[PDB]
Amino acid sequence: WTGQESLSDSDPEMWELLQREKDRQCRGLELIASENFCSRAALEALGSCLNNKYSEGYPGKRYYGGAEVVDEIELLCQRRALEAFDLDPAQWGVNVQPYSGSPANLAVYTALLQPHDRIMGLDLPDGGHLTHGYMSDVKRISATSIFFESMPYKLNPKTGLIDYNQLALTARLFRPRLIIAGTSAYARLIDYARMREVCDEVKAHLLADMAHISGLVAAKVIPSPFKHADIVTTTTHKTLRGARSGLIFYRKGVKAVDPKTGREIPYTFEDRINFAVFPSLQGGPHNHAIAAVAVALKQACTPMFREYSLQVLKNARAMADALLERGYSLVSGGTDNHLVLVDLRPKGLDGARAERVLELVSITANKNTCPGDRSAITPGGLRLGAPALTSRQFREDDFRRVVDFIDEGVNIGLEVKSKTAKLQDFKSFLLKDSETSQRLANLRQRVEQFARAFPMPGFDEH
C-alpha cells in the first residue's frame, strides 16, 4: 500500500458518488444565491499535500517547525487578499485561517466582546444570517445568541429596505458593542455610512459580513464596505468563487487622535482577532484551503473577474426584469447586487411549494420569508442567485430563459395547490400522480438539456 492510487480504483463507491454529484451540478440550474462553482486551479490546491502540515501559529510565530513553505503560502494569501480589495497594508491586516464564514464571525465576537456582550444584526427572516445573533421566540438558535446577547434589527416592510431609522433608535436603547452590517438574503446595497454613524454614536464596532457580495466588492462593481467598516468578514466562496473558507479583515493603524491630549490612539484589532482564531477557537489551519483561497484571490484581481462580477449584476437585473414582466413581484422592487427576492404570494403560491417544484426539475432555489409574514407561516417567497450560472458563462437572455423555466414550474405547482390542501399532500402528489409526474419529468429534461450545454469550472470528471 503506497497511498498513491487513484480514487476510481481505491473507492469505487465514493468515486461514483463524486460523478453523480458532478452530473447534478452540470445538469441543474443552480439558482441558490450563495452557491458558486469553484475553479479547477483552486480545487487542485484544496486537495493537495498541504493537508499534511500542522501550521499552528502564524507566519513567523509558529509553535512547530518546518513551516517554511506554508509561511510563504499564508503570507501570499494575505497579500492577495489585501490586493484584491484595494486595501492599504498599513491600514488593513487580514486573517486567512477561519475554517469557514461562521467560525470567522464568532472569531470577531470572541476577539472584541466578553461573554454575554451585546450585538445587533439583521434578523434572519429579514435577511441576516445566523451568525448575526439570530434567536427565536422559544430557543436561542445560533450560538451567537448564547455566548452573546443579540437583539435584531428588522426591515421596513413597506419598502423592503433596512429600517436604518429604527436601527438607530433601538441601538441607543439596546447599547450594543458591535453591529453587523451584512446580509444573506437582501437584494439592495447596505448604507455603510449610515451604519458607521450609528456605531460611532453608541460606541460600537462596525462589522461588515460581506460573504454574499465579496466578489462584487473585490471587482469594485459595488460600493466597498472597507470605507466605513472596522472589521470585515467574508466567506471565500460565493461571489469570490473559491474554496470553502473565511477571511477576517481588520483595521490596523491609528484609531483617532486624543481630544484633550493630542495623541495618536492606535487600533487594537490585530492581536485580539489573531488570538481569537488561534489558539482560542481553532487549531491547525487548513493550509490546503488557505492555498486554494489564495488561488481564487489572485483570480479576483484580474480583468476576468471584473468582467465576471459585472455580468453577475447584469444577469441578476435581467432575471429581475424578466420576472417582473411575467407578473411576479420582487422585494424592494428589484436588485442592485447578485440576487433577487421573489414574492410568490400575489401569484398564489408559497416558496416552500415552488422550491420543491423547482427542485424536481433540477432548479435549486430556496424559500425566503417575505417582509410582513410572521416567519413561521410557510414562506411565500424565493431567493434566486446569479453568480452560479454566470460562472458557467450565462448571458442575460440565458437568465431570461431561466425565468421561463421558473414560470412553467410555478404554474405546475399552482395546479397542484388546487388539487391538494396541505404541504405534504403537495409534496407527495408531485411524485405519485400520473399526469403531474410526466410534466415534471418533461420540464426537468428540458431544463437539463439547456443546462448541460454551458461550461462548468473544476474537473471534467469530478
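One rule holds for the numbers: they count along the sequence shown, beginning at 1. Each form is matched to the other, and the largest set of C-alpha atoms that superpose within 1.5 Å is called the rigid core.
Participant: Give, as the answer, the stretch of 377-385 and 225-233 that departs more from the shown form in 4 other deposited structures of this protein; the measure is RMS Cα distance after a core fit.
Facilitator: Stretch with the higher C-alpha RMS distance in 4 other deposited structures of this protein: 377-385.
Participant: Should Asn95 be counted as unmodelled in at least a third of the other PDB entries compared?
Facilitator: Comparison shows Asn95 kept in all of the other entries.
Participant: Of the other PDB entries compared that resolve residues on either side of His286, does at least a third omit it?
Facilitator: Modelled in all the others, so no.
Participant: Regarding 185-193 and 326-334, which shows the higher C-alpha temperature factor on average in the entry?
Facilitator: Higher of the two, by average CA B-factor, is 326-334.
Participant: Going by the mean C-alpha B-factor recorded in the entry, which is higher: 169-177 or 247-255?
Facilitator: Averaged over C-alpha atoms, the B-factors run higher in 247-255.
Participant: Which listed residue, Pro303, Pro157, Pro379, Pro285, has the largest C-alpha temperature factor in the record?
Facilitator: The record points to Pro303.
Participant: Going by what the PDB entry lists, where does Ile363 fall on CA B-factor within its chain: lowest, middle or highest third?
Facilitator: Middle third, going by the recorded CA B-factors of the chain.
Participant: Consider only the C-alpha atoms of the modelled residues in this chain, order them by B-factor as the entry records it, and name the third containing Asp137: lowest, middle or highest.
Facilitator: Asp137: CA B-factor falls in the highest third of its chain.
Participant: Against its chain's modelled residues, does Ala388's Cα B factor rank lowest, middle or highest third?
Facilitator: Middle third of the chain for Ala388's C-alpha B-factor.
Participant: Ranking every modelled residue in this chain by its Cα temperature factor as given in the entry, which third contains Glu448?
Facilitator: CA B-factor rank for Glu448: lowest third.
Participant: Split into thirds by Cα B-factor across the chain's modelled residues, where does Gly101 land: lowest, middle or highest?
Facilitator: Its C-alpha B-factor belongs to the lowest third of this chain's values.
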